[PDB]
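Have a look at the structure below before the remarks.
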RNA sequence: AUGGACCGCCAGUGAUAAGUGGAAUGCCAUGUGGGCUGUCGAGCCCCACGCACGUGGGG
């Protein structure tokens, strides 16, 4: 069976502190563990990186951010723990595996159920596949002309590398076109219309440092005190199309990652 | 065979109609161009003649 894991499979290009020659691609778990070692991890698509730094800020960061500044001058104490871990200069791998451990079997995007940032049921109710060309950026869609980025005629399209596929999926989850995508029925409801992505047409500002760990630490908005939150992949069960997108005072609702 | 290769910004259009630059006005007043002065022997060749002093013909 096909399987890919963000934690173990290599997709994230990584640059080391030394030499600055031959960046190697690594998984998400490895980057997390070897963070002080690497200066940065890079994605060729700025949309892909714009959502990427958002999700990476919810993993390493969440564990370090703690999701809980109650009493004690909240802002002051989070900045105190912040100074404490910033002083350590690194994250203990055992707390990473523990986080990964909670949902270790839930990451491999190609999951039959619970695929990464995806809806698995979707396959059954949509008659026409959008196609890779409609998903991937710089790639021509059905109505798009054949002039740029290699010519894709939408007949025998060359498949995206799985690592490549991951970058695109993440971008479309951030930036995404609005109106007239392919309709899927849900108990009688068919509406090809689609609204735009949450950050669409914007510049995301991520502070950097000398090493990875620094940036990841300095990348988390301070979560105000509020309801405990979780991510789309931290959701216990699927949302369903109908109904209200519930609010989320937690930072996962402030990383625009609740839904 | 280079964020490249292939690749039109493009189809249309009066700036028009009207109009004295016009009225007046001396560049005026003065001045030698002067002295000197007669127009009176190489020249390259051919030929003819010669009293070899020199004559003439032709180019």
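By how many degrees, 0 to 90 and rounded to 10, does the Cα axis of helix A:93-102 deviate from the longest principal axis of chain A?
It works out to around 40 degrees.
Compute the relative contact order of the stretch A:57-158 as a whole-number percentage, counting only Cα pairs closer than 8 Å that sit 6 or more residues apart in sequence.
12
Relative contact order for the stretch A:69-129: what percent, with Cα pairs under 8 Å and sequence separation of 6 or more?
Computed value for the stretch A:69-129: 13 percent relative contact order.
Would you look at the GNM of chain A, springs on alpha carbons closer than 10 Å, and say which of A:118, A:84, A:145 moves the most?
Greatest mean-square fluctuation among the candidates belongs to A:145.
With N set to the number of residues, divide the alpha-carbon radius of gyration of the stretch A:102-259 by 2.2 N^0.38 Å and report two decimals.
The reported ratio for this selection is 1.19.
Taking every pair of alpha-carbon atoms in the stretch A:69-109, give the share separated by more than 13 Å as a whole percent.
Numbers: 545 of 820 pairs.
The calculated P(r) of the stretch A:69-109 puts 66 percent of pairs beyond 13 Å.
Measure nothing but the geometry: give the 0 to 90° angle between the long axis through the Cα atoms of A:46-65 and the longest principal axis through the Cα atoms of chain A, rounded to 10°.
That works out to roughly 40 degrees.
Return the distance in nm (one decimal) between the two label points of a simple spin-label model at residue A:183 and residue A:210, each offset 7 Å from Cα along Cα→Cβ.
5.9
If I fit a long axis through the Cα atoms of helix A:162-174 and take the longest principal axis of the Cα atoms of chain A, what angle between them do I get, 0 to 90°, rounded to 10?
Taking Cα atoms only, the helix is inclined about 90 degrees.
Tell me, what is the percent relative contact order of the stretch A:1-140, built from C-alpha pairs under 8 Å that lie six or more residues apart?
21
Pick from A:106, A:200, A:54 the residue whose mean-square fluctuation is largest in a GNM of chain A, springs joining Cα atoms under 10 Å.
Of the options given, A:200 has the highest mean-square fluctuation.
Just order A:246-255, A:152-161 by mean Cβ neighbour count inside 10 Å, highest at the front, would you? Mind showing how you got there, number by number?
Values: A:246-255: 18.8, A:152-161: 11.5.
Order by mean packing, descending: A:246-255, A:152-161.
What residue among A:174, A:243, A:224 has the largest mean-square fluctuation in a Gaussian network model of chain A, using Cα springs under 10 Å?
Comparing A:174, A:243, A:224 in the GNM, the peak value goes to A:243.
Let me have the 222 nm mean residue ellipticity of chain A computed from DSSP H runs of 4+ only, each contributing -39500 (n - 2.57), with the sum over all residues rounded to the nearest 500.
Theoretical 222 nm ellipticity from helices: -9000 deg cm²/dmol.
Only the coordinates and a few stated rules stand behind these numbers; no lab work does. Backbone-built Cβ (ideal geometry, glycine too); neighbour counts: all protein chains shown.
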